[PDB]
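Accompanying notes for the structure given below.
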RNA sequence: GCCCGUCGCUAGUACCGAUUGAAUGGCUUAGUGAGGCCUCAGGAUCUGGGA
RNA sequence: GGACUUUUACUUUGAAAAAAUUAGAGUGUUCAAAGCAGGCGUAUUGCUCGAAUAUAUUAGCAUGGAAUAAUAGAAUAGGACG
RNA sequence: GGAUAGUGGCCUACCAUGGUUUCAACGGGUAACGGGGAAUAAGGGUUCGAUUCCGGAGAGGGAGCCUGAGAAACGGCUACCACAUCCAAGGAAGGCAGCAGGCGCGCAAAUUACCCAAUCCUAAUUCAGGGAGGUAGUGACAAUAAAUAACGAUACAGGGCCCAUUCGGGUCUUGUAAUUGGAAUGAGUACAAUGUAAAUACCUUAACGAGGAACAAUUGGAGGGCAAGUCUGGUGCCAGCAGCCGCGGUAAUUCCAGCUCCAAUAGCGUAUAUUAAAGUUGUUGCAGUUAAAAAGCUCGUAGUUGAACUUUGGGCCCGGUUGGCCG
Ligand SMILES: [Mg+2]
Ligand SMILES: [Mg+2]
Ligand SMILES: [Mg+2]
Ligand SMILES: [Mg+2]
Ligand SMILES: [Mg+2]
Ligand SMILES: [Mg+2]
Ligand SMILES: [Mg+2]
Ligand SMILES: [Mg+2]
Ligand SMILES: [Mg+2]
Ligand SMILES: [Mg+2]
Ligand SMILES: [Mg+2]
Ligand SMILES: [Mg+2]
Ligand SMILES: [Mg+2]
Ligand SMILES: [Mg+2]
Ligand SMILES: [Mg+2]
Ligand SMILES: [Mg+2]
Ligand SMILES: [Mg+2]
Ligand SMILES: [Mg+2]
Ligand SMILES: [Mg+2]
Ligand SMILES: [Mg+2]
Ligand SMILES: [Mg+2]
Ligand SMILES: [Mg+2]
Ligand SMILES: [Mg+2]
Ligand SMILES: [Mg+2]
Ligand SMILES: [Mg+2]
Ligand SMILES: [Mg+2]
Ligand SMILES: [Mg+2]
Ligand SMILES: [Mg+2]
Ligand SMILES: [Mg+2]
Ligand SMILES: [Mg+2]
Ligand SMILES: [Mg+2]
Ligand SMILES: [Mg+2]
Ligand SMILES: [Mg+2]
Ligand SMILES: [Mg+2]
Ligand SMILES: [Mg+2]
Ligand SMILES: [Mg+2]
Ligand SMILES: [Mg+2]
Ligand SMILES: [Mg+2]
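Protein chains in written order, with the authors' numbering: chain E0, 2 to 61; chain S9, 2 to 186; chain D3, 2 to 145; chain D4, 69 to 135.
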């Protein structure tokens, strides 16, 4: 079918999403120490058990 | 024109990439023995795997077959040697049983913690990789050292570093060079 | 017993039949006919580098409506002309005609992608430098 | 530190039986250094182009400087 | 509701096809035939029939 | 040593058998991938364990077996033993 | 008979009509050197092997040959064919599929370095020669080990627990913390010795060398398969995503981003190929009434296949290897 469609709009939405820069945050430990951080996050002190359990909730 | 310098790999990946249950069970191992990689678990479960194969293969030959008795005994004694296998179940249907944590329990990592001397699996790592602790007078800086029963008795800090005496070492020796320089002359 | 001879000497027959019927296997047939080497725009090889003739605007297949931004490439080892797609927003602004792109498969074993009719390839690098880079901004397009 | 040692029945039998770089390391032998290993090869190769002595081919070229 | 074919658009692929079309590579008839080797001669020179 | 012997398939054990590879023993390369080392004392004048084993098939060889499946034998007796 | 080192249609004379083939000859294709082997792991298999060892073949293509014990040799010669260099135009010279290095080719692959110290090879030979080979450089081909942090105090908060008539915190720590606290170590830098043929690195080790501005981990993904959001902002069937199913036309769980979250981690995506999954090539082990598939029918050669029956039963002796009850 058609092959000579407009090209004017190539790059449209990336070049019109407003920039917002990354935010500066505490650096996360690398290696072993991160696996540790996961262990205590996941399994040691736990967090919630609303119905079951979650991992990336926001407002619930 | 040389002899092929031979290698081989020492780990194996899980068939299924995202099995939530194996995933939990895996981290928990790391959390418990202070690992940094799933590989450190992959490594062992692979070791374990072949051992079982050796054991299976041997178990299908007849009882009191020559290879079976030779290769069977050899396997068992080597396992005992590092203190994985129980003195009682020293007859390879428990090498057939066995499991990963029986292996994990013998890393220098884990021994250097088990009888105090670290009081955390992680502090256990850091000490080992930092040239402290040794087996004889021979310093060991590899957490997966697999403590061989008859070496367990001789796990102390090394005759170097602090802890095992013979210097505090530069970062303290720095602060001690800040006391008789500021306050004194 | 249906079919297959069960005799003890019937090896030969049993072998031959297999050879015969392997031909009904799509891949085996492709392998031996050397379909790879023979037809197929690339050598049979993993990538191929060619040169950009015209920037195209391919209308997607239903139920999708879009213009898909592609490049006609004339492979360098081949002269064979091929139309390749140019992944990610913009990126078609990185190419230009006569430029030298590096093509690869679409991971469908031959066979075009999703709603792009006829395109069996994608761009991976222009002017020796990789789309991906140019997009993120880890790198800048060469002089000429 | 683990290493290897020898001890000779005399210095005469050391000096003859030892590697020649070892007698160097110690001091009982001069490094007599030479032209680069590849400078040397080229010496041999340039020499191949000449049959006989050489100097006789100097005088025949000492005529060349006329014609 | 489904749905069949001609007919019309764009694009792609393979076919048929004047050109007794073209190109590469392997053999190969017939003709011509280098060169060394063997062989009949030869005898610049150089000795005692030979070189 | 003479004089003669129906053909085979199967299977058993065995010879002949490169090394590295592989499987696998021994040895704490600090661990390990490796490597084939090494280990002991009188550490001033040497002591000593090693450098296995397995697989290696189809064919050829060599041997045990005689089920399973073939082959051949005596009917115009030109049969078999003496 | 000739020729050969020698057997032989090897070649020649004479004579004959043979040789091979559905048990696939002969011809074609091979993006074909063969082997040891490699990859995939229930087994049976499937795929691969230019390439570290063995064999073979070659030295731009063919043929010829000299020397010699051994070459039909190419870092030997001769010729032709194709390349191609030098020149005073008369002529002369060349063969990297040795080591490096250049061009070309392409998706695709490193230094115009050092040394004969080791391994070993050759010669008239302990000595010389060896781009064999070793040394270093380039090097995320693969493979091995595994840093990016460890520990107390404090500020509340807990969850415990004894008591609870009711303040509660106080002990034993679970840990989220915007002030704290001193310790440790190599990444690196570097006397030195070690290393080495001489160096470089490694192993040793004086002096240095960690607090967030690092000495600051990545690479993909977060609708399903498939581990991780229905957060906020942007776009509005556009731009793009999407292996596949599918998302996007104004509250996008999927695009462009921010935050947060997942998986693997000094490595992670992608493309191609192959292998497992695949009992979707099926000997083990497939399917064929209607999903793909029984030849219209019978005969029939090759091929595969093919009923039962022939020394069985009983008696005696010999000595082994495990295991019991005792030792
Ligand atoms: Mg068909
Ligand atoms: Mg076009
Ligand atoms: Mg080409
Ligand atoms: Mg020299
Ligand atoms: Mg000379
Ligand atoms: Mg056998
Ligand atoms: Mg062996
Ligand atoms: Mg004859
Ligand atoms: Mg005839
Ligand atoms: Mg056939
Ligand atoms: Mg080939
Ligand atoms: Mg090969
Ligand atoms: Mg092959
Ligand atoms: Mg090739
Ligand atoms: Mg040759
Ligand atoms: Mg060439
Ligand atoms: Mg020819
Ligand atoms: Mg030649
Ligand atoms: Mg050459
Ligand atoms: Mg040669
Ligand atoms: Mg002239
Ligand atoms: Mg070269
Ligand atoms: Mg590469
Ligand atoms: Mg020499
Ligand atoms: Mg001399
Ligand atoms: Mg060299
Ligand atoms: Mg870092
Ligand atoms: Mg810092
Ligand atoms: Mg999920
Ligand atoms: Mg919105
Ligand atoms: Mg939104
Ligand atoms: Mg997002
Ligand atoms: Mg992966
Ligand atoms: Mg079977
Ligand atoms: Mg089926
Ligand atoms: Mg049907
Ligand atoms: Mg029918
Ligand atoms: Mg029968």
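Ideal Cβ positions, reconstructed from N, Cα and C, are used throughout, including at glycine.
Residue nearest to residue i in terms of C-alpha spacing, selected from the options
| i | options | result |
| --- | --- | --- |
| residue 10 (chain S9) | 110 (chain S9), 45 (chain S9), 29 (chain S9), 35 (chain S9) | 45 (chain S9) |
| residue 5 (chain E0) | 113 (chain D3), 69 (chain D3), 92 (chain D3) | 69 (chain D3) |
| residue 43 (chain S9) | 100 (chain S9), 96 (chain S9), 91 (chain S9), 66 (chain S9) | 100 (chain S9) |
| residue 76 (chain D3) | 50 (chain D3), 145 (chain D3), 86 (chain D3), 44 (chain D3) | 50 (chain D3) |
| residue 1 (chain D3) | 19 (chain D3), 23 (chain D3), 63 (chain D3) | The requested residue 1 (chain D3) is not part of the displayed model; chain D3 covers only 2 to 145. |
| residue 12 (chain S9) | 170 (chain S9), 49 (chain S9), 159 (chain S9) | 49 (chain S9) |
| residue 106 (chain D3) | 93 (chain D3), 120 (chain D3), 100 (chain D3), 94 (chain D3) | 120 (chain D3) |
| residue 96 (chain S9) | 39 (chain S9), 66 (chain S9), 180 (chain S9), 52 (chain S9) | 52 (chain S9) |
| residue 136 (chain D3) | 95 (chain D3), 28 (chain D3), 109 (chain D3) | 95 (chain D3) |
| residue 40 (chain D3) | 61 (chain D3), 8 (chain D3), 126 (chain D3), 79 (chain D3) | 79 (chain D3) |
| residue 125 (chain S9) | 65 (chain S9), 91 (chain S9), 37 (chain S9) | 37 (chain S9) |
| residue 127 (chain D3) | 59 (chain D3), 109 (chain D3), 53 (chain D3), 83 (chain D3) | 53 (chain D3) |
| residue 80 (chain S9) | 70 (chain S9), 107 (chain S9), 66 (chain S9) | 107 (chain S9) |
| residue 102 (chain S9) | 87 (chain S9), 116 (chain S9), 34 (chain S9), 186 (chain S9) | 34 (chain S9) |
| residue 84 (chain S9) | 166 (chain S9), 154 (chain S9), 39 (chain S9), 138 (chain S9) | 154 (chain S9) |
Any non-hydrogen atom of ligand 3 closer than 7 angstroms to residue i Cβ
| i | result |
| --- | --- |
| residue 78 (chain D3) | yes |
Any non-hydrogen atom of ligand 2 closer than 7 angstroms to residue i Cβ
| i | result |
| --- | --- |
| residue 121 (chain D3) | no |
| residue 69 (chain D3) | no |
| residue 73 (chain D3) | yes |
Same chain only: Cβ atoms within 7 angstroms of residue i, ignoring 5 sequence neighbours per side
| i | result |
| --- | --- |
| residue 82 (chain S9) | 149, 150 |
| residue 14 (chain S9) | 43 |
Contacts around residue i, its chain only, beta-carbon distance under 8 angstroms, and the 5 residues preceding and following it disregarded
| i | result |
| --- | --- |
| residue 93 (chain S9) | 56, 59, 60, 73, 76, 77 |
| residue 50 (chain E0) | none |
| residue 1 (chain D3) | Here chain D3 covers residues 2 to 145 and nothing more, so residue 1 (chain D3) does not appear. |
| residue 68 (chain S9) | 59, 62 |
| residue 95 (chain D4) | none |
| residue 82 (chain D3) | 54, 73, 74, 75, 76 |
Own chain, CB closer than 6 angstroms to residue i, minus 5 neighbours either side, in chain order
| i | result |
| --- | --- |
| residue 108 (chain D4) | none |
| residue 152 (chain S9) | 136 |
Beta-carbon separation (whole angstroms), residue i vs residue j, contact threshold 8 angstroms
| i | j | result |
| --- | --- | --- |
| residue 86 (chain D3) | residue 123 (chain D3) | 5 angstroms |
| residue 133 (chain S9) | residue 164 (chain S9) | 6 angstroms |
| residue 65 (chain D3) | residue 132 (chain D3) | Incorrect: roughly 22 angstroms between the Cβ atoms, too far for contact. |
| residue 114 (chain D3) | residue 130 (chain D3) | The Cβ separation is near 23 angstroms, so there is no contact. |
| residue 8 (chain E0) | residue 93 (chain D3) | 7 angstroms |
| residue 32 (chain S9) | residue 40 (chain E0) | 3 angstroms |
| residue 109 (chain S9) | residue 146 (chain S9) | 3 angstroms |
| residue 130 (chain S9) | residue 144 (chain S9) | 7 angstroms |
| residue 123 (chain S9) | residue 33 (chain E0) | 7 angstroms |
heavy atom of ligand 1 below 7 angstroms from residue i C-beta
| i | result |
| --- | --- |
| residue 25 (chain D3) | yes |
heavy atom of ligand 4 below 7 angstroms from residue i C-beta
| i | result |
| --- | --- |
| residue 108 (chain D4) | yes |
Where in the region 3 to 77 of chain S9 do unbroken runs of the alpha helix (DSSP H), each at least 4 residues long, occur, reported from the N-terminal end onward? 21 to 34, 39 to 61
Segments of 4+ residues assigned as alpha helix (DSSP H) that fall wholly inside the region 16 to 46 of chain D3: 27 to 33, 36 to 39
In chain order, what are the residue ranges of uninterrupted alpha helix (DSSP H) at least 4 long that sit wholly in the region 125 to 185 of chain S9? 171 to 176
Every unbroken alpha helix (DSSP H) within the region 35 to 123 of chain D3, with a cutoff of 4 residues, ordered by chain: 36 to 39
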